[PDB]
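Down below is the structure, laid out as C-alpha cells.
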Amino acid sequence: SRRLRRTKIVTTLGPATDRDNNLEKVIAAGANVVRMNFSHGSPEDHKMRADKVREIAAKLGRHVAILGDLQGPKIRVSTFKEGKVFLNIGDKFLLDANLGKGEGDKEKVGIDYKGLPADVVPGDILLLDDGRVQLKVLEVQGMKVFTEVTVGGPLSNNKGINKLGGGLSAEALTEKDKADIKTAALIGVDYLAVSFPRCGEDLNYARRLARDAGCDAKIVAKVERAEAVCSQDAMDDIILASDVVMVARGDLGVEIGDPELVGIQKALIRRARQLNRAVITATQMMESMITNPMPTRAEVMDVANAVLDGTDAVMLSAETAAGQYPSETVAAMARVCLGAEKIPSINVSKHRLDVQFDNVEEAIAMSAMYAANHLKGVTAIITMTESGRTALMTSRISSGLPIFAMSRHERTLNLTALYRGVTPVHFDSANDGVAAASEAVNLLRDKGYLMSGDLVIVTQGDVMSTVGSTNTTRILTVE
Amino acid sequence: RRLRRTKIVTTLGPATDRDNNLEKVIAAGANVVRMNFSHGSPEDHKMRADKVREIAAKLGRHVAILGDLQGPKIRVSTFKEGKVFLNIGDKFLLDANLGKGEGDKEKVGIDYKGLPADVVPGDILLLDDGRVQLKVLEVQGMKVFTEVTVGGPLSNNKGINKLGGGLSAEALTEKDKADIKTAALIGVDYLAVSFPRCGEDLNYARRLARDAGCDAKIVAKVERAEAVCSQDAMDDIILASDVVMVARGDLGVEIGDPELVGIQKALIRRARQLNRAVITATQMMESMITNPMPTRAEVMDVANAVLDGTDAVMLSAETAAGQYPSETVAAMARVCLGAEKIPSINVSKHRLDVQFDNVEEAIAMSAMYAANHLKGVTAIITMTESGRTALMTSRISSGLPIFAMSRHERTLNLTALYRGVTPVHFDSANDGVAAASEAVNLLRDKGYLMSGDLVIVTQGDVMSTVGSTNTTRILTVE
Ligand SMILES: [Mg+2]
C-alpha cells in the first residue's frame, strides 16, 4: 500500500532505446506503452524491437502495450544540397513539386506532397518547421508556388509544412501507410494510430485495412488538423470512430493558434472521457531532456496540467527514441505525474450527474466508482474483466484509488496498460463468483497492494447464463 | 476590440536601457515594470523611474512601478577558477571564511555565514536550482563536510537551497534597508519583500518603508517551504501582504517542482479569496532570452496561470537581459488573450456561502453578479479614488473589462496591476448620476463602449463625509 502512479507513460522507441540496455531501463522506470514510429526504421527494426519488448516484459513481469504509429503524408520541403540560409524580409521563395535535391538558398525547393499547388491560393500562409519559418503565397503556376518571406530563419532538410488553418487535401493513408498496417498486423500491435485523419471515414478505412490483414487493434485517432477541432460535430465524428484519442500538439498548434491549443486540448480530453474513450497527450512533453538530465519548469507544469486535465497518458518521442536520458526522462515524467495526482481537483468526480446509462456494465462501473470514492476505508477498485471494458469505464471517473484489472489474457492486460489508474494484474483462477473475487483480493494482498483491514470494491459478471457481462459489485474486507 | 485582462510585469535592465527598448516593452503592453534591487546602483533605478514616467506620460498609459528587494544572498561566494566538477561520491566542503579561493578540491565560501548551524548530517543542499546537489556528512565549527551525489558545473555566485525548509537567514538584509530607502525616494507603487518566513517579516519591511515616508503596497514573495507548510502559515503571509508573488524559482527547488503546481494553484485561489492580487513570477518564457519564439510548454505554463486565475504574469531576464524584450512582451500578451477565451476563466460562482460585512465589498460583488448575468453588458466601471472597488470587482472571474476611474495618479498606477482593470483618469466636480454619465461618455468617446451598450457602474453617492462606495447603476450608453 504505497501510492501508485495513475497517469500512464507512452515512450517512442529508436536508436537511444536499442543502444546499451536502455529499452529495459525505460520499461523498469515505468513505461506502460511502447510506441513504434513507422516514420523511421524498417519492418525488421520494428519486429526485432517487438520481440525484445515482449521478452523484457516477460522477464520483468510487466504488462507493456505496443503502439504502432503510422507516418501519414509527408508534407515536408524535401532536400537541398546543404545550404540552409533564408533571410527575414520579403525575399521570394519557390516551392516546386517537380524538383530533386537542388539547394534552397534562393527561391527553390521541391515538395514531397505533389498536391500542394491544388491546395493553396494567393494569400495563404505556410508555416515551415512549426512556424520557425513562415511564407505567404503570391501565386500558383502549374507545380510551382511563389511565396514571400514574412518571418524568416534557418530552413533545414525535410522540415514540415502546415497551412494556417485547415486546407490541405492530402490523403491520410499513404501507400507506405498501407504497407505499415500490414507490418503492425504481423507484429500484433495493441493500438494502431492513424496520422492526419480528415473525418471518421479515414479511420474506418484504416481499421478495415487492419482487419483485412488480420489485426483487431484499437485505433488511436491522431488529432493533428484544424479540420478535426473546428466544431463539436467534427470532434465527435473523429472521436467516435476511434478507440483512443491522441492529442498531438505540434502540427495542431501550428495550424490553429498555439494559444488556442490549450482550450482545444482540455476540450478533447474532456470529450474523450465523456464518450468512454481513452486519451493520450502527446508530442514532446519534456523536450529539454533530449539534451539535459532534468526538465524545464514549464515542461513540468505542462505535464502536470495535462494530468489535471484528465489525460489517460502522456508521451515521450525523441526523449526516449533519440535522446541522452531515456530512462531518466521516464523517471522524471513519472515523478511529475505522481506529484500532480495529489492535487484534490483530479481526485474528485461529480459521477456523471444528469447522465443516463443504457448499459448494465457501465452502470456497475459508475456505481462502483461512486461507492468507492465515498466509503471510508476503501483502498482499491478491482475489476475482474476478461475484455478490459469495465476497467475502461471505471477509469473514466476521477479518483485517487488504484483500479486493478484482472484478466487471463495478455492482450487484455496489455490493453489496460494505457488506461488511467489501471494496474493490469494477471489472474487465471478456474473459480468464479465470490471465490474468484476473494482469490483476487488475496493475490493483490500477497503482492503488496492491499492490507489486512482494507475495504475493496469488486466488479464481476455473475449470472446463471451465457448471456451478459459484468453485472455485480461486491464490497469486501481483505483477509 | 476585446481587451487583455491578465497583466504583464516586466523587469528592467541593460536590455531595456539599450536602444529604445523600454518604450517598446511599454508599447507592447507592459503594465508594471519591476526594478530588481539585486543588480544595479540606486541611481540606475532612479534614472529608469524617470524614464518610465516620461514614456507613460508620452503614450497616455498608466504603468505601475514595483521594487523587488534582493533578500539574503544564500550563494556559493566565488572562486579563482572552478566551473566544473564530477561526482560519484566525491567530497565537498562549505567554509564560511573565504573570499576567492578555488572550487575544486572541495572548498568554497558561503556568503550566508549562518548555513553551518542550519544543516545537520543527512541534509541535502541543492545548488544552482538543483543542477548540483550535496548531502551533508558532518559539521564542525564553521565548516560543513558533504558528499556531492548529483553534480555538474558550479559557476560563480550560484544559489544554495536546503531541500525542504530549514535555513534561518534574516529576510531583511542591510542592503534591503538601504534599498527600501531608495524605493521610498523613487516612490514605488509596489514593494516586494524577499524570503519572508511569517507576516512579522512583512510588517518589519512595511514599517521600514513607513519610516521612510513610503506607503507602497507590500508584495510577499512566497519562496519558502515555511510559507506553504500549512494553511495557517499561508494565511499569515497573505494577510500581512497586499500582493502575493508565487516565486517559483526557489520554492520549486525547496519543495519539489511537482508540488509546485498545486501550491501555485492554492496560493492564487487563496490570494483572491482574501481580496489580494497575485503575480505568477520569474522566467515564464525563458526560451525568449535567446530565441524569438516561445516554447510550447512555456505557452502552456503561461496560459494555465491565466486559467488558475492569476492577476499577472512576470518576465525577468526576458526583458532585463535578453535579445527580444518587446517581442517577448507581445508573445506573452497573445498567449494571455488566447487563454482568456476559455469559458472556465470567464465564469464565477460569485462567492456562494460567503457573507460580507463591508458595504463596498457587497456593492462590488452584486455589481459583478449583475454584469456577468445581464445580457448586453459590455463593461464594469468602478468610480473609486482609492481603487478598492477595482481590487474587489476584479477578484471575480469575468470576460468583461473593468474601467477604474480615479483622479489620482497613484490610484491609476496601483490599479494597473489588477486583472482585467483598465485605469482611466477622471475628475468631474459633478456628483451622482451626472459624473456617472460623464464617465460613461468619456469611455465611449475614447472608443471603449458603443452607443447601444449597457454598463455597470459603482460609485459612492451620499450626502455625508462618512463612507465610500455604496451605489450601483446599470446605464445605457448615449
Ligand atoms: Mg494486431
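Convention: chains lettered A, B, ... in C-alpha cells order; per-chain residue numbering from 1; ligands numbered from 1 as shown.
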- Taking only C-alpha atoms into account, report as a PyMOL selection string which residues of chain B lie within 6 Å of chain A. chain B and resi 258-259+262+297-298+300-301+335+338+342
- Query: Counting only C-alpha atoms and all ligand atoms, which protein, DNA or RNA residues come within 12 Å of ligand 1, given as an MDAnalysis selection string?
  - Reply: chainID A and resid 65:68 180:192 207 209:219 411 415
If you keep N, CA, C and O atoms, can you produce a file of those selected residues as a compact mmCIF listing (two decimals), in the first residue's frame?
# COMPACT_ATOMS: atom_id res chain seq x y z
N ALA A 65 2.03 -2.50 -23.35
CA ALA A 65 1.34 -2.47 -24.63
C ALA A 65 2.27 -1.98 -25.74
O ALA A 65 3.16 -1.16 -25.52
N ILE A 66 2.04 -2.47 -26.95
CA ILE A 66 2.77 -2.00 -28.13
C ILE A 66 1.84 -1.11 -28.94
O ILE A 66 0.75 -1.53 -29.33
N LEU A 67 2.28 0.12 -29.20
CA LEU A 67 1.56 1.07 -30.05
C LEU A 67 2.30 1.21 -31.38
O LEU A 67 3.51 1.41 -31.41
N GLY A 68 1.57 1.14 -32.48
CA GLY A 68 2.13 1.33 -33.81
C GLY A 68 1.60 2.64 -34.35
O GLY A 68 0.38 2.85 -34.37
N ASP A 180 2.64 -0.40 -43.92
CA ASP A 180 2.93 -0.42 -42.49
C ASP A 180 1.78 -1.02 -41.68
O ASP A 180 2.04 -1.64 -40.65
N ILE A 181 0.53 -0.85 -42.10
CA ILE A 181 -0.55 -1.56 -41.43
C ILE A 181 -0.31 -3.06 -41.52
O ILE A 181 -0.48 -3.80 -40.54
N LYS A 182 0.10 -3.55 -42.70
CA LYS A 182 0.45 -4.97 -42.76
C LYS A 182 1.54 -5.32 -41.74
O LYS A 182 1.50 -6.39 -41.11
N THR A 183 2.52 -4.44 -41.56
CA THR A 183 3.58 -4.76 -40.60
C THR A 183 3.05 -4.77 -39.16
O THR A 183 3.35 -5.68 -38.38
N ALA A 184 2.26 -3.75 -38.79
CA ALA A 184 1.71 -3.72 -37.45
C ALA A 184 0.81 -4.92 -37.20
O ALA A 184 0.71 -5.41 -36.07
N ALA A 185 0.16 -5.42 -38.25
CA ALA A 185 -0.66 -6.62 -38.12
C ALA A 185 0.20 -7.86 -37.87
O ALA A 185 -0.16 -8.73 -37.07
N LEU A 186 1.33 -7.96 -38.56
CA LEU A 186 2.23 -9.08 -38.30
C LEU A 186 2.82 -9.00 -36.90
O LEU A 186 2.93 -10.01 -36.21
N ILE A 187 3.19 -7.79 -36.46
CA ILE A 187 3.76 -7.63 -35.13
C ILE A 187 2.70 -7.84 -34.06
O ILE A 187 3.04 -8.12 -32.90
N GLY A 188 1.42 -7.72 -34.41
CA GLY A 188 0.35 -7.81 -33.45
C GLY A 188 0.32 -6.65 -32.46
O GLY A 188 0.22 -6.87 -31.25
N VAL A 189 0.43 -5.42 -32.96
CA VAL A 189 0.37 -4.26 -32.09
C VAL A 189 -0.97 -4.25 -31.36
O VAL A 189 -1.96 -4.80 -31.82
N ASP A 190 -0.98 -3.58 -30.20
CA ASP A 190 -2.17 -3.46 -29.36
C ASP A 190 -3.00 -2.26 -29.76
O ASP A 190 -4.23 -2.31 -29.70
N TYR A 191 -2.35 -1.19 -30.17
CA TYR A 191 -3.01 0.01 -30.63
C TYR A 191 -2.34 0.41 -31.92
O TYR A 191 -1.16 0.12 -32.13
N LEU A 192 -3.10 1.07 -32.79
CA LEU A 192 -2.61 1.47 -34.09
C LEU A 192 -3.13 2.87 -34.37
O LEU A 192 -4.34 3.10 -34.36
N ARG A 207 -8.98 1.06 -40.12
CA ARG A 207 -9.42 -0.08 -39.33
C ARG A 207 -9.77 -1.27 -40.22
O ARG A 207 -9.48 -2.42 -39.87
N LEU A 209 -8.44 -1.83 -43.33
CA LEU A 209 -7.16 -2.36 -43.79
C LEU A 209 -6.54 -3.26 -42.72
O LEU A 209 -6.06 -4.36 -43.02
N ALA A 210 -6.59 -2.83 -41.45
CA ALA A 210 -6.09 -3.67 -40.36
C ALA A 210 -6.86 -4.98 -40.25
O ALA A 210 -6.27 -6.04 -40.02
N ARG A 211 -8.17 -4.93 -40.42
CA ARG A 211 -8.98 -6.15 -40.35
C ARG A 211 -8.59 -7.13 -41.45
O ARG A 211 -8.26 -8.29 -41.18
N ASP A 212 -8.61 -6.67 -42.69
CA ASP A 212 -8.21 -7.49 -43.82
C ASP A 212 -6.82 -8.09 -43.64
O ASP A 212 -6.54 -9.14 -44.23
N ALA A 213 -5.95 -7.47 -42.84
CA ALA A 213 -4.65 -8.07 -42.56
C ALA A 213 -4.69 -9.02 -41.36
O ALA A 213 -3.67 -9.68 -41.09
N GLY A 214 -5.80 -9.10 -40.64
CA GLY A 214 -5.92 -9.98 -39.51
C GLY A 214 -5.78 -9.35 -38.14
O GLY A 214 -5.64 -10.08 -37.16
N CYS A 215 -5.85 -8.02 -38.05
CA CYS A 215 -5.48 -7.28 -36.85
C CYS A 215 -6.69 -6.50 -36.34
O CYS A 215 -7.16 -5.59 -37.02
N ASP A 216 -7.17 -6.83 -35.14
CA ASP A 216 -8.25 -6.09 -34.48
C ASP A 216 -7.71 -5.14 -33.41
O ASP A 216 -8.27 -5.03 -32.32
N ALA A 217 -6.61 -4.45 -33.72
CA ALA A 217 -6.03 -3.48 -32.82
C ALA A 217 -6.99 -2.31 -32.59
O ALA A 217 -7.86 -2.02 -33.42
N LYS A 218 -6.83 -1.64 -31.45
CA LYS A 218 -7.66 -0.49 -31.17
C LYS A 218 -7.06 0.73 -31.88
O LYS A 218 -5.84 0.89 -31.95
N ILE A 219 -7.93 1.56 -32.46
CA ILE A 219 -7.49 2.66 -33.31
C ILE A 219 -7.31 3.90 -32.45
O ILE A 219 -8.21 4.27 -31.67
N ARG A 411 -3.45 -9.98 -24.06
CA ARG A 411 -3.98 -8.87 -24.85
C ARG A 411 -4.83 -7.93 -24.00
O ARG A 411 -4.79 -6.71 -24.19
N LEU A 415 -3.63 -4.18 -23.21
CA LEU A 415 -4.65 -3.18 -23.49
C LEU A 415 -4.82 -2.24 -22.30
O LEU A 415 -4.67 -1.02 -22.43
- Task: Find the residues around residue 398 of chain A up to 8 Å (only C-alpha atoms counted), leave out those fewer than 5 positions away in its own chain, and share them as a PyMOL selection string.
- Result: chain A and resi 310+346-349
Keeping only N, CA, C and O atoms, write those residues as a PDB file, in the first residue's frame.
ATOM      1  N   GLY A 310      -7.238  15.508 -17.164  1.00  0.00           N
ATOM      2  CA  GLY A 310      -7.885  14.221 -17.307  1.00  0.00           C
ATOM      3  C   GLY A 310      -7.254  13.246 -18.297  1.00  0.00           C
ATOM      4  O   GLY A 310      -7.949  12.339 -18.766  1.00  0.00           O
ATOM      5  N   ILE A 346      -8.094  16.609  -9.214  1.00  0.00           N
ATOM      6  CA  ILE A 346      -8.103  15.431 -10.086  1.00  0.00           C
ATOM      7  C   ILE A 346      -8.487  14.157  -9.340  1.00  0.00           C
ATOM      8  O   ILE A 346      -8.479  13.069  -9.930  1.00  0.00           O
ATOM      9  N   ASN A 347      -8.847  14.263  -8.067  1.00  0.00           N
ATOM     10  CA  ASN A 347      -9.225  13.133  -7.235  1.00  0.00           C
ATOM     11  C   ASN A 347     -10.730  12.979  -7.098  1.00  0.00           C
ATOM     12  O   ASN A 347     -11.190  11.940  -6.612  1.00  0.00           O
ATOM     13  N   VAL A 348     -11.505  13.994  -7.486  1.00  0.00           N
ATOM     14  CA  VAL A 348     -12.925  14.037  -7.175  1.00  0.00           C
ATOM     15  C   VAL A 348     -13.720  14.095  -8.473  1.00  0.00           C
ATOM     16  O   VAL A 348     -13.262  14.636  -9.489  1.00  0.00           O
ATOM     17  N   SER A 349     -14.915  13.497  -8.431  1.00  0.00           N
ATOM     18  CA  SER A 349     -15.818  13.414  -9.564  1.00  0.00           C
ATOM     19  C   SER A 349     -17.209  13.859  -9.144  1.00  0.00           C
ATOM     20  O   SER A 349     -17.591  13.723  -7.977  1.00  0.00           O
TER      21      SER A 349
END
Extract the full set of alpha helix (DSSP H) residues from segment 268-331 of chain A according to DSSP on the backbone, and format it as an mmCIF file with C-alpha atoms, in the first residue's frame.
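Written out: result.cif:
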data_model
loop_
_atom_site.group_PDB
_atom_site.id
_atom_site.type_symbol
_atom_site.label_atom_id
_atom_site.label_comp_id
_atom_site.auth_asym_id
_atom_site.auth_seq_id
_atom_site.Cartn_x
_atom_site.Cartn_y
_atom_site.Cartn_z
ATOM 1 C CA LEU A 268 -10.525 16.891 -26.428
ATOM 2 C CA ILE A 269 -9.567 15.163 -23.180
ATOM 3 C CA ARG A 270 -12.935 16.003 -21.613
ATOM 4 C CA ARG A 271 -14.880 14.819 -24.662
ATOM 5 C CA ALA A 272 -12.889 11.590 -24.994
ATOM 6 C CA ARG A 273 -13.666 10.698 -21.396
ATOM 7 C CA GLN A 274 -17.322 11.556 -21.880
ATOM 8 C CA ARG A 297 9.884 24.048 -15.036
ATOM 9 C CA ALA A 298 7.486 24.902 -17.883
ATOM 10 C CA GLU A 299 7.711 21.271 -19.066
ATOM 11 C CA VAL A 300 6.818 20.092 -15.551
ATOM 12 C CA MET A 301 3.812 22.445 -15.456
ATOM 13 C CA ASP A 302 2.793 21.243 -18.912
ATOM 14 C CA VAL A 303 2.813 17.566 -17.930
ATOM 15 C CA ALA A 304 1.119 18.333 -14.604
ATOM 16 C CA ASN A 305 -1.679 20.284 -16.240
ATOM 17 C CA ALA A 306 -2.167 17.510 -18.782
ATOM 18 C CA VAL A 307 -2.569 15.191 -15.818
ATOM 19 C CA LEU A 308 -5.016 17.562 -14.160
ATOM 20 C CA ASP A 309 -6.934 17.918 -17.442
ATOM 21 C CA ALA A 318 12.757 11.807 -29.212
ATOM 22 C CA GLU A 319 13.428 11.965 -25.464
ATOM 23 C CA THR A 320 13.450 8.163 -25.382
ATOM 24 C CA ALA A 321 13.914 7.323 -29.072
ATOM 25 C CA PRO A 326 15.732 7.689 -21.916
ATOM 26 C CA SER A 327 15.111 6.025 -18.555
ATOM 27 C CA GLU A 328 15.833 9.293 -16.747
ATOM 28 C CA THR A 329 13.154 11.138 -18.739
ATOM 29 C CA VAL A 330 10.691 8.371 -17.851
ATOM 30 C CA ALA A 331 11.677 8.579 -14.183
#
- Item | For residue 285 of chain B, the nearest of the candidates B:469, B:264, B:393, B:316, counting only C-alpha atoms |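 Among the listed residues, B:316 lies closest to residue 285 of chain B.
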